[PDB]
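Laboratory data are not the source of any read-out in this text; all were calculated from the coordinates shown. Virtual Cβ from ideal backbone geometry, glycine too; neighbours counted across all protein chains shown.
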Amino acid sequence: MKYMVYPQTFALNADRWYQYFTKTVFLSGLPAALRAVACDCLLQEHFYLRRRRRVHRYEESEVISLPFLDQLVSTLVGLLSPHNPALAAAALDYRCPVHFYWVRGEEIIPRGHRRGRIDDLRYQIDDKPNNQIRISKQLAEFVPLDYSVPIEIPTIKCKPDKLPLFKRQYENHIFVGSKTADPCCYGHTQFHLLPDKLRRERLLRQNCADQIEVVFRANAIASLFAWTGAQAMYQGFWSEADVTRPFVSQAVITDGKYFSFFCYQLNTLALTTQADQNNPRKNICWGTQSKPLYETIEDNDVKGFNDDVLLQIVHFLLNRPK
Amino acid sequence: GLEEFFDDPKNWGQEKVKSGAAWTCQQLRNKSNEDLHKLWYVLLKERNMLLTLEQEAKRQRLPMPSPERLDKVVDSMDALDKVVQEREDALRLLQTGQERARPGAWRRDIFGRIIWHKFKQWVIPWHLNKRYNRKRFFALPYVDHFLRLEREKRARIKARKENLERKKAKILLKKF
Amino acid sequence: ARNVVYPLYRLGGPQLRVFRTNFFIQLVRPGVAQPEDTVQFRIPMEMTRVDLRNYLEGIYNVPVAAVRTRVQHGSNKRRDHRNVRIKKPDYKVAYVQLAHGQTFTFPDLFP
Amino acid sequence: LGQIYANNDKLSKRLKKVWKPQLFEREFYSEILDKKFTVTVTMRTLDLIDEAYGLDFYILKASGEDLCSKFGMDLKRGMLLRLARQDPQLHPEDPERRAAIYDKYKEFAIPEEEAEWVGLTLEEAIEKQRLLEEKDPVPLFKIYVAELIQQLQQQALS
Amino acid sequence: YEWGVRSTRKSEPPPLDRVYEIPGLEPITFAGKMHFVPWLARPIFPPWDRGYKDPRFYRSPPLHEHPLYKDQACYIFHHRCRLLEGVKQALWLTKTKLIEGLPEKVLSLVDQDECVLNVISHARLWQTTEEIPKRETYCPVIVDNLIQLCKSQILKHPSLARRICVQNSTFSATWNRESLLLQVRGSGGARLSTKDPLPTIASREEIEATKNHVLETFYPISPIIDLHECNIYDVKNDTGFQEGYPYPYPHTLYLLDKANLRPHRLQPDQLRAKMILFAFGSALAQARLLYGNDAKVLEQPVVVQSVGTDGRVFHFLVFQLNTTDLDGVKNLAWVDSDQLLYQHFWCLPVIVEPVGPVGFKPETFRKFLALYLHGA
Amino acid sequence: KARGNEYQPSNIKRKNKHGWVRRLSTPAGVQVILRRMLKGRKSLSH
Amino acid sequence: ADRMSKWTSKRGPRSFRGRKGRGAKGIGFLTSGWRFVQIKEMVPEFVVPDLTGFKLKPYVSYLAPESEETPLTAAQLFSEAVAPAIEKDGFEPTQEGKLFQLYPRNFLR
Amino acid sequence: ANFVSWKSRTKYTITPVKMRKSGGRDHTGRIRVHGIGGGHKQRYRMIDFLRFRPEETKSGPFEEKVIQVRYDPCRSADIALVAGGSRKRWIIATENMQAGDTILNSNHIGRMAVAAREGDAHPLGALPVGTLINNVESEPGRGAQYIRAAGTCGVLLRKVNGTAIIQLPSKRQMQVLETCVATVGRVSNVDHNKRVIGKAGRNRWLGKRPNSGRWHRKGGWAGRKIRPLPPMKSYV
RNA sequence: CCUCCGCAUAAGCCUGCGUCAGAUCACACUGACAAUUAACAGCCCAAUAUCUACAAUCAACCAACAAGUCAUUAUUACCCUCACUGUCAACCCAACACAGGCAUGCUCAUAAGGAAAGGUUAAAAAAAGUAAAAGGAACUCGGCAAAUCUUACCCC
RNA sequence: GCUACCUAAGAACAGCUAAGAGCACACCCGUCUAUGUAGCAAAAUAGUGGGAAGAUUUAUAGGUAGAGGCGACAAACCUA
RNA sequence: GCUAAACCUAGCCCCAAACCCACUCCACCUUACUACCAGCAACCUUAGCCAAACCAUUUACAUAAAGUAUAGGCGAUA
Ligand SMILES: [Mg+2]
Ligand SMILES: [Mg+2]
Ligand SMILES: [Mg+2]
Ligand SMILES: [Mg+2]
Ligand SMILES: [Mg+2]
Ligand SMILES: [Mg+2]
Ligand SMILES: [Mg+2]
Ligand SMILES: [Mg+2]
Ligand SMILES: [Mg+2]
Ligand SMILES: [Mg+2]
Ligand SMILES: [Mg+2]
Ligand SMILES: [Mg+2]
Ligand SMILES: [Mg+2]
Ligand SMILES: [Mg+2]
Ligand SMILES: [Mg+2]
Ligand SMILES: [Mg+2]
Ligand SMILES: [Mg+2]
């Protein structure tokens, strides 16, 4: 029986608990013709394409925004394939799930016929990103391994059931987006879209206005550790044969307008308390704030546009394996 | 904030809190419907204060600090919920003339007895209802024997009860 | 409110407005070392989750952010001298999570 | 419903038997209700219509325990209303046949406050009684102001 | 014979009571009460209307009372309309001559074989945690990963950058035939769109050579046998984009075939016929938009191509519309049939004949790659 | 075989067979409830 | 096989447990994907006043006198519907155009 | 007793409808016929037996195209999906009706009889004397009721005033009008009679429970009854 | 030292070895207090028309018969949003803390889960085994049982 | 709710050899034996055995009822 | 001398007399104890044990006339 960790969470302060389950310290910051193609795949879905169905408010994240990203990425992979030859030889998958199963800590079983026996308490992240990019070779390092970052990983003082995080027993998959006999094992950029339970508006109608940024960061700390950590397991490394080099990938989160950019680097897999008593390795997640890619649309024109949000996409789609 | 679930912390663990004279229903009659509405939300703020304390008295195995003021407040709302219900049932007789704010009718059930079948507020007429037309409010005269048998079972218990008290009164008159 | 009848709303009726709320809650100490920011009540059985959210922000002005509910079964195996069962009354339990990091912990009554 | 002896003989087997009457579907014209009824009539009613000289004389004459029917007593209620309300039954432009028909069946025609209550079963006369005195309650405003306007009637003469 | 067995039919109403047959007395029903009673005969309720409007309990007006009731019955060809008489029924509706190979303008464009196989076996083996992924999840992935093989050739050619694929696009196009008001409707597949239109393939010498042969007639089959026989239909025709949209010109329709049950699959001889009317519908939707409504011969003939389905077998098509006068000059279509990349797959080894796609053929990707670079 | 375990319980099958709707459905079954309210049972059905 | 137990939601199979529920007085409805639609209009919002400057407290003091009851009959309150009804020498005919109808009781508590 | 028939469809269609088995039970729930129940699960293909059924806004004779000659589970005679005009329907295939043929449905009774081929369907007076017919009607417009089983055919014996005389496969005679339609040729799936079930369990695939084990003594009914062949049955 | 079990789900039961206290083979019984939080699972669908010949089997060749488990469109109507309920356990059906009965998914030797011996002596009889000289069915209704593996033929 | 049959929509069947095929697990049945006989058990245990891709097994809901149901007849089974 | 013994009084029976009973609030024919959406509806001779020493017709369900007239395998019995 394992805890089922959902990256796209509705829980409050779920960034802090997800840091403890993953041993990731969080750092703010980071380690002209494109505006034609990006605003042509923006106004296509929201204005230009004609739909025979009336679009309700609940369908807008499923029919407008989710076809906006795979139009936006599929060009920007094709446009920067001259600027970056690694994207031509890449593989681009759409909505193909990522799985990671790890185990972190112990617990004495509180009651049952197994009372008092120590039980390692497991986790699984089963996430489906919007679309992801996989390279046959691995990215650069972003920081040395055994980096200091003295910013004190949190610890929770109670049971992980208390954030509304439940248990099931089901299949334990560890899964980068493809199977094991696939030479594009590494991956470098992941794209996410939040669903309509976690909009900007719905988290403001309820008084958790502070958890706007957290659901951006909970989705990133979880899914990247799910992605990078599974990338390590495909290269033989596991909880006791810990990683030599650090595995790394970067992700961008989207809710329609607002884009958050994240770089993540897995430094360790030795998360079990048998292998966590002489271990100073900490994973690091770097994070931006969410910034609007546009203000609004007056039915044919994106009104207040920021192209720096387009710069931070095209930076992530530029950096090349060494 | 949450602190008004709790009393003043100068009264914590004092085993005696001086709070008496529950709201007698005459004194609430003098106040307006504005102020009775504001009074309800003050007794609510203080009944919720007391129910935390007695649930915490039971948790830490201690007696309540002063149980005698819990029933002061619950009958004060009951008097408040009585006085307001007088004024509606006053002027529902003036504007309509008809009691029972819920409409109902005397309907005989399957089992032959009559009940006060209250009404249940639907969006369709009663002749189109799938469920209400599956319900049956009538006799079907096989019941008429079982009505008589219960009519005698009620009468026999009543006849027993009337006859104890005459035997009990006689043994009192055989002694005094 | 409870032990009352609700007016039935078709499509464009008024907002259902409640004066003189019938149901009374109580705030408890959690028994299992609840998190900070999580504060636990005892909802009476006829009260909705959003019916508690609006009840705290309405009266007690608490900026509540996330609410969870669960129903606790009262134990029935309590026998008498008549050998008939006595059911301790089953109740509803809130888990209110406060907004803005308001950070409430349960105080020590009976010092 | 009854029993018979086997060969009209009572020290043989006693064995049950039901005797059904013979049923016909015969058209029937009425000169009061002016319709062509379709009735599941038997032979005896045909020979009781014939001795009474017409259907309209049969229902109005034969007594309460002799029709042994509810469709019959609903006709008796239907026909006696036509004899007591003095209905323009036929159509307009024809008042001379209508007065003739009412003159043939004139040895009848009780007042209409009786004729509403013929042919009603007990559990159907309850529902007729319940509806007429139904009487949704008057508000007590109009009672109490009519007791105060009357109180000024004992003021203005004082 | 009439279908609809009497017991399963909605019942007769019960015979009305005889009080209602007697003129004129007022019946005593249970309607004064509010419940059924076995005595007190049943009332006749007046018909009930719901005064307001309810979207969750709406009732439609009857068919003749919809405001668009056109007795010239339309015959819509939508995405689910499976033909009877195959490609030959499609040629007659679209006034086309079939040519039995890809044109020589596009095969000459091709005058890097491991990278094909890593697109096949990624869709058939490596895609999901399940072994043997089903056809509803390798039918789109095999054509959205062969496209990324030919979006890799942006290094050679710059004009591929003025091309996107569109997933939610529909269209509609109407035309009379003899004189049947026909109609196609919108896509359920990828529509590669270009800022520029396509080069025409047949010269006017080869266009006017298509006055001679007669269209095939497939008596006794009606030509509209299994299109949606259709009243209320709203005759207007339209490509599913607003005006002023950049990338207006469709290059290729990438029609798909999911639905892993073989009865639900589109039976390849029938599937050539489907994508003709989707190619013709997109072509005619432009000629109704760039030009007027005039049933004429086109001055500049519009060309739409289309690639097939069904991740094993592929069906290539280019198609030049050159007449919007239906009812001498005829359109002409080049089709290449049953191309069939990778004879069979083995997802897990058989016992010896190892795991991998057996019967690979590189040439069908070469024909695939030709139709992609037709614009550049 | 062994012969005691002849009540394999379920709650769908219990209330479809001995429920209050099933008792009031048939006029014979209505008499069952009347013989139980006459005796004064605590549970007139399931 | 237990008859005298109360039939609560915790007892049946999966189809049975999800249906019954406790005395909720539910809000919305279910549409086509098991997608719940919470109606804002059917949610009871509270009419809570403000309490600052308010003279009354949950208890009274004992020095307040004892007084005898007066169940406010409809007769009594008509005698204060008299202050315009003596000058002629307040009523509503129906409640169809009223928002707080008395006999078909439109409101709550 | 909750038994509604599965036979509930008001429009004709091509697609196989979900058949419910019965096991021989009634609408009540008791058994009526024994040895029925529990075969392979099947689906019904709705057969149009009225062979000349004119389409909407269509009057006279027309033609069809045999698309596929399938195998029918629900009956002994394998059928054909055939299409003419703007519609499709199933008909019972006659023998040597392969896919891609043409059948015709005449309506006029000619001055001369037709050279009737192996599959076509003409009204009965327009057929010769000695022709081998099937799917006949006991009234014009009734639909086919008699000869329908696989391999069977009726022979048109002789034609009297306003009638025709048919010999049914039990060699019994029959008196019907010459107006009523009947198809030509034998019913397909011939040599069905000479199939061998092979094993006891193949009967259970067809839905045939085994015969009961009670030994019944054979009564007087069981002698070989050489009886004279029954008279002419008149439907006119 | 055993593991013929185990862990979930479904069904079922409905608080039934959590804390504090207590009365009174050995110290799950009694009283008070506590918990099981939805995202998985339940609880679903606006009409009236109109469509659905081509099994599944790695679905490709091939080969079938017993003929098969999954599909919309047209127009009208529509823009409120994440409520309710299940969630504990050593457990259920067998009167029992019963060697019995009990569907599925993973684990196929176990990272779960467990204890055949209250202590002693080492009689008979009985049971469950193991070993046996020489002989090898002589036993017996019968090679039953056990141990070894095999020959031929009847009856039905 | 057991069982007899049926209906609806489900599930299970390793390995090896080559089809109401063979060996053989899970699973189903219960041949012969010994124990047990107020027992572990109001029919079980231990071995031994029959079948184990089908006339197989099995979960779920439904149907048929006593002058009757049902039954591959044993006068079987229909809450010991 | 342990086990235990004892106890009156709950209540009840039988009659007389008098005709009995139904809305605190909410919930209850759907799987009763469930706030909320578009088709059916009740009336049908009791039989049998038993007695006839079997059983087959048959066998009871104020006083007085009177166990009379009658009925009945003219018999048990009515
Ligand atoms: Mg036979
Ligand atoms: Mg036999
Ligand atoms: Mg659990
Ligand atoms: Mg037992
Ligand atoms: Mg262990
Ligand atoms: Mg011992
Ligand atoms: Mg020896
Ligand atoms: Mg011897
Ligand atoms: Mg011997
Ligand atoms: Mg042996
Ligand atoms: Mg076999
Ligand atoms: Mg075998
Ligand atoms: Mg059997
Ligand atoms: Mg026998
Ligand atoms: Mg015998
Ligand atoms: Mg006798
Ligand atoms: Mg005898």
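What the table shows:
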quantity	calculated
Cα-derived Rg over Rh, computed across chain A with Rh taken as Kirkwood radius	0.98
Full-extension gain in nm, E:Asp196 to E:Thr137, via 0.36 nm per residue minus C-alpha separation	18.0 nm
Distant alpha-carbon pairs in region A:201-259 (separation over 18 angstrom), percent	49 percent
Region B:21-28 - phi-based ³J(HN,Hα) in whole Hz, Karplus 6.51/-1.76/1.60, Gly and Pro as x	6, 4, 5, 6, 4, 5, 5, 7
14 Å Cα-Cα reach of B:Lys158 towards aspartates and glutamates, excluding residues that sit fewer than 8 places from it in its own chain	B:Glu150
Residue-averaged 222 nm ellipticity for the protein assembly as shown, from DSSP H runs of 4+ at -39500 (n - 2.57), nearest 500	-6500 deg cm²/dmol
Choice from B:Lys82, B:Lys31, B:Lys135 showing the highest fluctuation, given a GNM over chain B with Cα pairs closer than 10 Å	B:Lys135
Spin-label pair A:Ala33/D:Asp136, simplified geometry with 7 Å Cα→Cβ offset, distance in nm	7.9 nm
Ratio of the Cα radius of gyration of region H:1-148 to 2.2 N^0.38 Å, where N counts its residues	1.22
3J(HN,Hα) from dihedral phi, region A:245-261, Karplus parametrisation 6.51/-1.76/1.60, rounded to Hz, x for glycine, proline	8, x, 8, 8, 7, 9, 9, 10, 10, 9, 10, x, 9, 8, 10, 10, 10
Distribution of pairwise C-alpha distances over region E:50-175, 5 Å bins, in %	2, 6, 8, 10, 11, 14, 14, 11, 7, 6, 6, 3, 1, 0, 0
Label point distance in nm, G:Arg14-B:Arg154, each placed 7 Å from Cα along Cα→Cβ	4.9 nm
Compactness relative to 2.2 N^0.38 Å, alpha carbon Rg of region H:107-187	0.94
Ranked D:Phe141, C:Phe104, criterion: other C-beta atoms within 10 Å, fewest first	C:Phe104, D:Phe141
FRET efficiency, E:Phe57 to E:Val297 (Cβ-Cβ, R0 56 Å, nearest 0.05)	0.55
Amide N proximity, region A:97-125 versus A:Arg168 label position 7 Å along Cα-to-Cβ, cut-off under 20 Å	A:97-104, A:121-125
Principal-axis tilt of helix D:140-156 within chain D, Cα atoms, nearest 10 degrees	40 degrees
Between helix D:71-84 and chain D: long-axis angle, C-alpha atoms, 0 to 90°, nearest 10	50 degrees
Kirkwood Rh in Å, taken over chain F so that all alpha-carbon pairs contribute	12.1 Å
Packing rank of A:13-24, A:53-64, where each peptide gets the mean count of other beta carbons within 10 Å, highest leading	A:13-24, A:53-64
Candidates H:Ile133, H:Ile67, H:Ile31: whichever shows maximal mean-square fluctuation once chain H is modelled as a Gaussian network with Cα springs under 10 Å	H:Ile31
Subset of B:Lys118/E:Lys33; E:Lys151/E:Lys274; B:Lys82/G:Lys98; A:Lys257/E:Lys195; A:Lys128/A:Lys167 violating a 21 Å alpha-carbon distance limit	E:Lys151/E:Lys274; B:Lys82/G:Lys98; A:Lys257/E:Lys195
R0 of 25 Å, Cβ-Cβ distance C:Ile86-G:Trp7: FRET efficiency to nearest 0.05	0.85
Distant-in-sequence amide H partners of H:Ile67 (H built 1.01 Å from N, under 5 Å)	H:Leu81, H:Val82, H:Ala83, H:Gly100
Cβ-Cβ FRET estimate between A:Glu152 and A:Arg51, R0 fixed at 60 Å, reported to 0.05	0.75
Normalised per residue, the volume of the convex hull around the Cα set of chain D (Å³)	269 Å³
Relative contact order %, region H:1-106, counting alpha carbon pairs below 8 Å whose residues are six or more apart	24 percent
Amide H contacts under 5 Å for A:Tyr186, placed H, 5+ residues apart	A:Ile135
Convex hull (Cα only) mean projected area of region H:1-73, reported in nm² to one decimal	7.3 nm²
Simple spin-label estimate for B:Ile114 and D:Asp66 in nanometres, 7 Å along Cα-Cβ	3.8 nm
On Cα atoms only, tilt of B:143-173 relative to the major axis of chain B in degrees	60 degrees
Cα pair count fraction exceeding 24 Å, expressed as % - region B:13-147	60 percent
Neighbourhood charge, 9 Å Cβ-Cβ cut-off, centred on B:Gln98 and excluding it, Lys, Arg +1 and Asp, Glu -1	0
Radius of gyration and Dmax over the Cα atoms of the protein assembly as shown, both given in Å	43.8, 139
Pairwise centroid distance, computed over Cα atoms, of region C:44-60 with region A:119-136, Å	38 Å
Radius, Kirkwood style, for chain C when every pair of distinct Cα atoms is counted (Å)	16.6 Å
